[PDB]
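Participant: I'm passing along work04.txt; it holds compact mmCIF, N, CA and C atoms.
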# COMPACT_ATOMS: atom_id res chain seq x y z
N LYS C 216 -23.42 -9.13 -29.36
CA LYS C 216 -22.85 -7.88 -29.85
C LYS C 216 -23.90 -7.04 -30.57
N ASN C 217 -24.75 -7.68 -31.38
CA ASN C 217 -25.70 -6.93 -32.19
C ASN C 217 -27.08 -6.76 -31.55
N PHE C 218 -27.30 -7.28 -30.34
CA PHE C 218 -28.63 -7.17 -29.72
C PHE C 218 -28.86 -5.86 -28.97
N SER C 219 -27.79 -5.18 -28.53
CA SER C 219 -27.97 -3.94 -27.78
C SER C 219 -28.55 -2.83 -28.65
N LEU C 220 -28.27 -2.86 -29.96
CA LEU C 220 -28.89 -1.89 -30.86
C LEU C 220 -30.40 -2.11 -30.95
N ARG C 221 -30.84 -3.37 -30.95
CA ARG C 221 -32.27 -3.65 -30.92
C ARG C 221 -32.90 -3.19 -29.62
N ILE C 222 -32.19 -3.37 -28.50
CA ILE C 222 -32.68 -2.89 -27.21
C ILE C 222 -32.83 -1.37 -27.23
N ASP C 223 -31.84 -0.67 -27.79
CA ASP C 223 -31.92 0.79 -27.92
C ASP C 223 -33.06 1.21 -28.83
N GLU C 224 -33.31 0.44 -29.90
CA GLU C 224 -34.41 0.74 -30.81
C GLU C 224 -35.76 0.62 -30.11
N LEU C 225 -35.93 -0.45 -29.32
CA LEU C 225 -37.18 -0.63 -28.57
C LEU C 225 -37.35 0.47 -27.54
N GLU C 226 -36.27 0.81 -26.83
CA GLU C 226 -36.35 1.84 -25.80
C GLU C 226 -36.62 3.21 -26.41
N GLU C 227 -36.17 3.47 -27.63
CA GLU C 227 -36.60 4.70 -28.28
C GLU C 227 -38.07 4.62 -28.66
N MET C 228 -38.52 3.45 -29.14
CA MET C 228 -39.87 3.34 -29.68
C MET C 228 -40.94 3.37 -28.60
N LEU C 229 -40.63 3.02 -27.36
CA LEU C 229 -41.68 2.98 -26.35
C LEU C 229 -41.48 3.92 -25.17
N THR C 230 -40.25 4.09 -24.68
CA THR C 230 -40.04 4.81 -23.42
C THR C 230 -40.38 6.29 -23.55
N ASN C 231 -39.89 6.94 -24.60
CA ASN C 231 -40.11 8.37 -24.78
C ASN C 231 -41.41 8.69 -25.51
N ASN C 232 -42.17 7.68 -25.93
CA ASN C 232 -43.46 7.93 -26.56
C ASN C 232 -44.45 8.46 -25.52
N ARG C 233 -45.13 9.55 -25.86
CA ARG C 233 -46.05 10.18 -24.92
C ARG C 233 -47.30 9.34 -24.72
N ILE C 234 -47.77 8.68 -25.78
CA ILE C 234 -48.95 7.83 -25.67
C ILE C 234 -48.67 6.62 -24.79
N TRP C 235 -47.48 6.03 -24.92
CA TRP C 235 -47.10 4.93 -24.05
C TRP C 235 -46.92 5.41 -22.61
N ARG C 236 -46.39 6.62 -22.43
CA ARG C 236 -46.20 7.16 -21.09
C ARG C 236 -47.53 7.36 -20.38
N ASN C 237 -48.49 8.01 -21.05
CA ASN C 237 -49.76 8.38 -20.43
C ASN C 237 -50.64 7.18 -20.09
N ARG C 238 -50.32 5.99 -20.58
CA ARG C 238 -50.99 4.79 -20.12
C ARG C 238 -50.42 4.23 -18.83
N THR C 239 -49.23 4.70 -18.40
CA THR C 239 -48.55 4.09 -17.26
C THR C 239 -47.92 5.10 -16.30
N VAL C 240 -48.47 6.31 -16.16
CA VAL C 240 -47.88 7.28 -15.24
C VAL C 240 -48.15 6.88 -13.80
N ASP C 241 -49.42 6.68 -13.46
CA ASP C 241 -49.83 6.41 -12.08
C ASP C 241 -50.87 5.30 -12.07
N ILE C 242 -50.61 4.24 -12.83
CA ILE C 242 -51.52 3.12 -12.97
C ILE C 242 -50.89 1.91 -12.29
N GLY C 243 -51.68 1.21 -11.48
CA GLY C 243 -51.19 0.06 -10.75
C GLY C 243 -50.16 0.40 -9.69
N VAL C 244 -50.37 1.48 -8.94
CA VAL C 244 -49.42 1.89 -7.92
C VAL C 244 -49.54 0.96 -6.72
N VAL C 245 -48.40 0.50 -6.21
CA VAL C 245 -48.35 -0.37 -5.04
C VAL C 245 -47.33 0.20 -4.06
N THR C 246 -47.50 -0.15 -2.79
CA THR C 246 -46.60 0.28 -1.73
C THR C 246 -45.77 -0.90 -1.25
N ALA C 247 -44.69 -0.58 -0.53
CA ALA C 247 -43.75 -1.61 -0.09
C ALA C 247 -44.38 -2.57 0.91
N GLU C 248 -45.17 -2.04 1.85
CA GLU C 248 -45.84 -2.88 2.83
C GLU C 248 -46.82 -3.83 2.17
N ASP C 249 -47.60 -3.32 1.21
CA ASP C 249 -48.50 -4.17 0.45
C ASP C 249 -47.78 -5.00 -0.61
N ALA C 250 -46.54 -4.65 -0.95
CA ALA C 250 -45.75 -5.52 -1.81
C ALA C 250 -45.29 -6.76 -1.04
N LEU C 251 -44.80 -6.57 0.18
CA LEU C 251 -44.32 -7.71 0.95
C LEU C 251 -45.47 -8.53 1.54
N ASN C 252 -46.55 -7.87 1.97
CA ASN C 252 -47.63 -8.59 2.63
C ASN C 252 -48.48 -9.40 1.66
N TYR C 253 -48.45 -9.08 0.37
CA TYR C 253 -49.22 -9.81 -0.63
C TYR C 253 -48.41 -10.90 -1.32
N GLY C 254 -47.19 -11.16 -0.86
CA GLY C 254 -46.38 -12.22 -1.43
C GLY C 254 -45.76 -11.91 -2.76
N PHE C 255 -45.66 -10.64 -3.13
CA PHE C 255 -45.02 -10.27 -4.39
C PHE C 255 -43.53 -10.58 -4.35
N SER C 256 -42.98 -10.91 -5.51
CA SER C 256 -41.57 -11.24 -5.61
C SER C 256 -41.03 -10.78 -6.95
N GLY C 257 -39.79 -10.32 -6.94
CA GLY C 257 -39.14 -9.92 -8.18
C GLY C 257 -39.41 -8.48 -8.51
N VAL C 258 -39.79 -8.24 -9.77
CA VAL C 258 -39.84 -6.89 -10.34
C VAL C 258 -40.82 -6.01 -9.57
N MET C 259 -41.93 -6.60 -9.12
CA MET C 259 -42.92 -5.88 -8.32
C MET C 259 -42.28 -5.25 -7.09
N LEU C 260 -41.48 -6.04 -6.36
CA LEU C 260 -40.73 -5.48 -5.24
C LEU C 260 -39.76 -4.41 -5.73
N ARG C 261 -39.05 -4.69 -6.82
CA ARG C 261 -38.16 -3.69 -7.39
C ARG C 261 -38.92 -2.56 -8.07
N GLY C 262 -40.22 -2.73 -8.30
CA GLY C 262 -41.01 -1.60 -8.74
C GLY C 262 -41.30 -0.63 -7.62
N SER C 263 -41.33 -1.12 -6.38
CA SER C 263 -41.75 -0.32 -5.24
C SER C 263 -40.58 0.24 -4.45
N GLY C 264 -39.36 0.10 -4.95
CA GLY C 264 -38.19 0.57 -4.24
C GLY C 264 -37.59 -0.41 -3.26
N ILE C 265 -38.20 -1.58 -3.09
CA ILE C 265 -37.64 -2.60 -2.21
C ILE C 265 -36.40 -3.19 -2.88
N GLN C 266 -35.29 -3.21 -2.14
CA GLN C 266 -34.02 -3.72 -2.67
C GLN C 266 -33.90 -5.19 -2.28
N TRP C 267 -34.24 -6.07 -3.21
CA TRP C 267 -34.17 -7.51 -2.97
C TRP C 267 -34.00 -8.24 -4.29
N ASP C 268 -32.98 -9.09 -4.36
CA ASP C 268 -32.75 -9.93 -5.52
C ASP C 268 -32.06 -11.21 -5.05
N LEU C 269 -32.60 -12.36 -5.45
CA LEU C 269 -32.06 -13.64 -5.00
C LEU C 269 -30.69 -13.94 -5.59
N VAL G 5 -6.85 -32.21 -26.63
CA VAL G 5 -8.30 -32.29 -26.64
C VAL G 5 -8.89 -31.10 -27.39
N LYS G 6 -10.14 -31.25 -27.83
CA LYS G 6 -10.86 -30.19 -28.52
C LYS G 6 -12.20 -29.99 -27.83
N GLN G 7 -12.53 -28.73 -27.54
CA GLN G 7 -13.77 -28.41 -26.85
C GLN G 7 -14.13 -26.97 -27.17
N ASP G 8 -15.38 -26.61 -26.88
CA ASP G 8 -15.85 -25.25 -27.09
C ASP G 8 -15.23 -24.33 -26.05
N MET G 9 -14.34 -23.45 -26.49
CA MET G 9 -13.52 -22.61 -25.63
C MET G 9 -13.47 -21.23 -26.27
N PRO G 10 -13.47 -20.16 -25.48
CA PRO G 10 -13.19 -18.83 -26.03
C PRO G 10 -11.75 -18.74 -26.49
N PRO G 11 -11.45 -17.85 -27.43
CA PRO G 11 -10.09 -17.79 -27.99
C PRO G 11 -9.06 -17.31 -26.97
N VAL G 12 -7.80 -17.29 -27.43
CA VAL G 12 -6.68 -17.00 -26.55
C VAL G 12 -6.76 -15.57 -26.03
N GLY G 13 -7.08 -14.62 -26.90
CA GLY G 13 -7.25 -13.25 -26.48
C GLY G 13 -8.61 -12.91 -25.89
N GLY G 14 -9.53 -13.86 -25.87
CA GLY G 14 -10.87 -13.61 -25.38
C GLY G 14 -11.74 -12.92 -26.41
N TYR G 15 -12.98 -12.66 -26.01
CA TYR G 15 -13.92 -11.97 -26.87
C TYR G 15 -13.83 -10.47 -26.66
N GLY G 16 -14.29 -9.73 -27.67
CA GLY G 16 -14.20 -8.28 -27.65
C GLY G 16 -15.22 -7.65 -26.74
N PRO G 17 -15.00 -6.36 -26.45
CA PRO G 17 -16.00 -5.58 -25.72
C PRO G 17 -17.36 -5.58 -26.40
N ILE G 18 -18.40 -5.63 -25.58
CA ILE G 18 -19.79 -5.61 -26.05
C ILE G 18 -20.48 -4.42 -25.40
N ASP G 19 -21.13 -3.60 -26.21
CA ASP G 19 -21.86 -2.45 -25.68
C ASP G 19 -23.12 -2.91 -24.95
N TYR G 20 -23.35 -2.34 -23.77
CA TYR G 20 -24.52 -2.71 -22.98
C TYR G 20 -25.20 -1.52 -22.31
N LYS G 21 -24.79 -0.30 -22.61
CA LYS G 21 -25.41 0.89 -22.05
C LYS G 21 -26.28 1.57 -23.10
N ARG G 22 -27.20 2.41 -22.63
CA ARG G 22 -28.13 3.08 -23.52
C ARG G 22 -27.42 4.17 -24.31
N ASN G 23 -27.80 4.31 -25.58
CA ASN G 23 -27.19 5.30 -26.48
C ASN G 23 -28.31 6.00 -27.25
N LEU G 24 -28.82 7.08 -26.68
CA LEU G 24 -29.74 7.89 -27.47
C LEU G 24 -28.97 8.99 -28.19
N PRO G 25 -29.31 9.27 -29.45
CA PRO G 25 -28.49 10.22 -30.23
C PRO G 25 -28.53 11.65 -29.72
N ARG G 26 -29.77 12.16 -29.63
CA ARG G 26 -30.19 13.53 -29.24
C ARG G 26 -30.03 14.52 -30.39
N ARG G 27 -31.11 14.70 -31.15
CA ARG G 27 -31.04 15.23 -32.51
C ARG G 27 -32.21 16.17 -32.85
N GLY G 28 -32.03 16.98 -33.88
CA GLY G 28 -33.06 17.92 -34.33
C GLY G 28 -32.63 19.34 -34.07
N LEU G 29 -33.43 20.34 -34.47
CA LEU G 29 -33.02 21.70 -34.19
C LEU G 29 -33.43 22.09 -32.77
N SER G 30 -32.97 23.27 -32.35
CA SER G 30 -33.49 23.87 -31.13
C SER G 30 -34.88 24.42 -31.38
N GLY G 31 -35.68 24.51 -30.31
CA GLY G 31 -37.08 24.89 -30.45
C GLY G 31 -37.28 26.28 -31.01
N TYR G 32 -36.34 27.19 -30.74
CA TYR G 32 -36.35 28.51 -31.35
C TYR G 32 -36.29 28.42 -32.87
N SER G 33 -35.56 27.43 -33.40
CA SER G 33 -35.41 27.31 -34.85
C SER G 33 -36.72 26.90 -35.51
N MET G 34 -37.41 25.88 -34.97
CA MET G 34 -38.69 25.51 -35.57
C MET G 34 -39.76 26.57 -35.33
N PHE G 35 -39.71 27.28 -34.20
CA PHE G 35 -40.65 28.37 -33.99
C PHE G 35 -40.43 29.49 -35.01
N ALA G 36 -39.17 29.82 -35.29
CA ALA G 36 -38.87 30.84 -36.29
C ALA G 36 -39.27 30.39 -37.69
N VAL G 37 -39.05 29.10 -38.01
CA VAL G 37 -39.43 28.57 -39.31
C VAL G 37 -40.95 28.62 -39.49
N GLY G 38 -41.70 28.22 -38.46
CA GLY G 38 -43.15 28.28 -38.54
C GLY G 38 -43.68 29.70 -38.65
N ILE G 39 -43.08 30.63 -37.90
CA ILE G 39 -43.51 32.03 -37.96
C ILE G 39 -43.20 32.63 -39.34
N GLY G 40 -42.03 32.32 -39.90
CA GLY G 40 -41.71 32.81 -41.23
C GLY G 40 -42.61 32.23 -42.31
N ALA G 41 -42.95 30.94 -42.20
CA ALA G 41 -43.89 30.34 -43.14
C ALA G 41 -45.27 30.98 -43.01
N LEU G 42 -45.69 31.28 -41.78
CA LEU G 42 -46.95 31.97 -41.55
C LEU G 42 -46.97 33.34 -42.21
N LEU G 43 -45.87 34.09 -42.05
CA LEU G 43 -45.80 35.43 -42.63
C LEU G 43 -45.79 35.38 -44.16
N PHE G 44 -45.05 34.43 -44.73
CA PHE G 44 -45.01 34.29 -46.19
C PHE G 44 -46.38 33.91 -46.75
N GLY G 45 -47.07 32.97 -46.09
CA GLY G 45 -48.40 32.61 -46.53
C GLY G 45 -49.39 33.75 -46.40
N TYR G 46 -49.27 34.53 -45.32
CA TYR G 46 -50.13 35.69 -45.13
C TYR G 46 -49.93 36.72 -46.23
N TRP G 47 -48.67 36.99 -46.59
CA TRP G 47 -48.38 37.96 -47.64
C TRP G 47 -48.90 37.50 -49.00
N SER G 48 -48.67 36.23 -49.34
CA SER G 48 -49.13 35.72 -50.63
C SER G 48 -50.66 35.70 -50.71
N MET G 49 -51.32 35.30 -49.62
CA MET G 49 -52.78 35.29 -49.60
C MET G 49 -53.34 36.70 -49.69
N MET G 50 -52.67 37.66 -49.05
CA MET G 50 -53.06 39.07 -49.13
C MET G 50 -53.02 39.57 -50.57
N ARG G 51 -51.91 39.32 -51.27
CA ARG G 51 -51.78 39.78 -52.65
C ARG G 51 -52.81 39.12 -53.56
N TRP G 52 -52.99 37.80 -53.43
CA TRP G 52 -53.91 37.12 -54.33
C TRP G 52 -55.37 37.47 -54.02
N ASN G 53 -55.70 37.72 -52.75
CA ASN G 53 -57.07 38.11 -52.43
C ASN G 53 -57.38 39.52 -52.93
N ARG G 54 -56.40 40.43 -52.88
CA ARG G 54 -56.61 41.75 -53.47
C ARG G 54 -56.81 41.66 -54.98
N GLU G 55 -56.02 40.82 -55.66
CA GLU G 55 -56.20 40.63 -57.10
C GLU G 55 -57.56 40.01 -57.41
N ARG G 56 -58.00 39.06 -56.58
CA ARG G 56 -59.31 38.44 -56.78
C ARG G 56 -60.44 39.44 -56.59
N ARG G 57 -60.29 40.35 -55.62
CA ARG G 57 -61.29 41.40 -55.43
C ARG G 57 -61.35 42.32 -56.64
N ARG G 58 -60.19 42.66 -57.22
CA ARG G 58 -60.18 43.48 -58.43
C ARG G 58 -60.88 42.77 -59.59
N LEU G 59 -60.62 41.48 -59.76
CA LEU G 59 -61.26 40.73 -60.84
C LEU G 59 -62.77 40.61 -60.63
N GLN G 60 -63.20 40.43 -59.38
CA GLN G 60 -64.62 40.37 -59.08
C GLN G 60 -65.31 41.70 -59.36
N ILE G 61 -64.63 42.81 -59.04
CA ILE G 61 -65.18 44.14 -59.34
C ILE G 61 -65.32 44.33 -60.84
N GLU G 62 -64.32 43.88 -61.61
CA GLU G 62 -64.38 43.96 -63.07
C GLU G 62 -65.56 43.16 -63.63
N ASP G 63 -65.75 41.94 -63.12
CA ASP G 63 -66.86 41.10 -63.59
C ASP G 63 -68.21 41.72 -63.22
N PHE G 64 -68.31 42.28 -62.01
CA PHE G 64 -69.56 42.91 -61.59
C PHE G 64 -69.89 44.13 -62.43
N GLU G 65 -68.88 44.93 -62.78
CA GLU G 65 -69.15 46.10 -63.62
C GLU G 65 -69.50 45.69 -65.05
N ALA G 66 -68.96 44.56 -65.53
CA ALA G 66 -69.41 44.03 -66.82
C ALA G 66 -70.87 43.60 -66.76
N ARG G 67 -71.26 42.97 -65.65
CA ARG G 67 -72.66 42.58 -65.45
C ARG G 67 -73.58 43.80 -65.41
N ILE G 68 -73.14 44.86 -64.73
CA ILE G 68 -73.93 46.08 -64.63
C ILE G 68 -74.08 46.75 -65.99
N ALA G 69 -73.02 46.73 -66.80
CA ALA G 69 -73.13 47.23 -68.17
C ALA G 69 -74.08 46.39 -69.01
N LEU G 70 -74.10 45.07 -68.79
CA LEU G 70 -74.92 44.19 -69.60
C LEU G 70 -76.40 44.18 -69.20
N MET G 71 -76.72 44.64 -67.98
CA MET G 71 -78.09 44.54 -67.46
C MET G 71 -79.23 45.11 -68.31
N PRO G 72 -79.16 46.34 -68.87
CA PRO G 72 -80.39 46.93 -69.46
C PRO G 72 -80.99 46.17 -70.64
N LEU G 73 -80.16 45.57 -71.50
CA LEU G 73 -80.68 44.79 -72.61
C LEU G 73 -81.44 43.56 -72.11
N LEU G 74 -80.88 42.87 -71.11
CA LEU G 74 -81.55 41.72 -70.52
C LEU G 74 -82.84 42.14 -69.82
For the structure just supplied, provide its representation as structure tokens.
Facilitator:
Amino acid sequence: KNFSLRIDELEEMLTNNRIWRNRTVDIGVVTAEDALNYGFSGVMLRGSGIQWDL
Amino acid sequence: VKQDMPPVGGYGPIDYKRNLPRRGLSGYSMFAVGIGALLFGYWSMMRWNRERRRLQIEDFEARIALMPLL
């Protein structure tokens, strides 16, 4: 019950911060074909728009 | 028997969605506040700099009066 407020606090502290944003706008970009061909699994696939969850 | 069980009515709702407040003035308000502070500072600096120029002129004319004996 009380953990979602901490999640909201963290998401305010990092997501909308401009300094945190500018470190991760277009860094480490991967494509779906190179996501599947390199054996990536989980969030990486879900980072690239691939819809897959076990 | 006795065991770890949720109560008869169950547990209450738990919040799990994002809740950002969305707060502060509109940008026109801070722009107007900054512009008004700029104008007030400009006016006060104008008045005090004119007074300082008058005082400097007074001191210089005192120096000019004092010069011949020195």
Participant: Which residues of stretch 11-67 of chain G have any atom within 8 Å of an atom in stretch 222-227 of chain C when counting all atoms listed in the file, and what is the closest pair of atoms for each, with the distance in Å to one decimal? Order the rows by chain and rising number and write it as JSON lines.
Facilitator:
{"residue": "G:21", "atom": "C", "partner": "C:223", "partner_atom": "CA", "distance": 7.5}
{"residue": "G:22", "atom": "CA", "partner": "C:223", "partner_atom": "CA", "distance": 6.2}
{"residue": "G:23", "atom": "N", "partner": "C:223", "partner_atom": "CA", "distance": 5.9}
{"residue": "G:24", "atom": "N", "partner": "C:223", "partner_atom": "CA", "distance": 7.1}
Participant: Check the DSSP output for the backbone and give back, as a PyMOL selection string, the residues of chain C in helix (DSSP H, G or I).
Facilitator: chain C and resi 218-229+233-237+247-252+258-262
Participant: What is the distance, in Å and to one decimal place, between atom N of residue C:218 and atom C of residue G:15?
Facilitator: 14.3 Å
Participant: Just give me the gap between atom C of residue G:58 and atom CA of residue G:42 in Å, one decimal is fine.
Facilitator: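 Result for atom C of residue G:58 versus atom CA of residue G:42: 25.2 Å, one decimal.
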Participant: Between G:41, G:26, G:61, G:71, which is the closest to chain C once you count only C-alpha atoms?
Facilitator: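 Looking at the shortest contact to chain C, the residue is G:26.
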Participant: Quick one: of G:8, G:55, G:19, G:62, who's nearest to chain C, counting all atoms listed in the file?
Facilitator: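 Ranking G:8, G:55, G:19, G:62 by distance to chain C, first place goes to G:19.
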Participant: Could you tell me how far atom N of residue C:244 lies from atom C of residue C:256, in Å and to one decimal?
Facilitator: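 Answer for the atom N of residue C:244 to atom C of residue C:256 separation: 15.5 Å.
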Participant: Show which residues sit within 7 Å of residue C:257, as a ChimeraX atom specification. Count all atoms listed in the file, and ignore same-chain residues fewer than 3 positions away.
Facilitator: /C:260-262,267-268
Participant: Return as AutoDock Vina command-line options the box centre and box size in Å, one decimal, for an axis-aligned box around all listed atoms of stretch 237-249 of chain C padded by 4 Å per side.
Facilitator:
--center_x -47.7 --center_y 1.7 --center_z -9.1 --size_x 15.9 --size_y 21.4 --size_z 31.9
Participant: Restricting the calculation to only N, CA and C atoms, which member of G:46, G:17, G:53, G:11 is positioned closest to chain C?
Facilitator: G:17
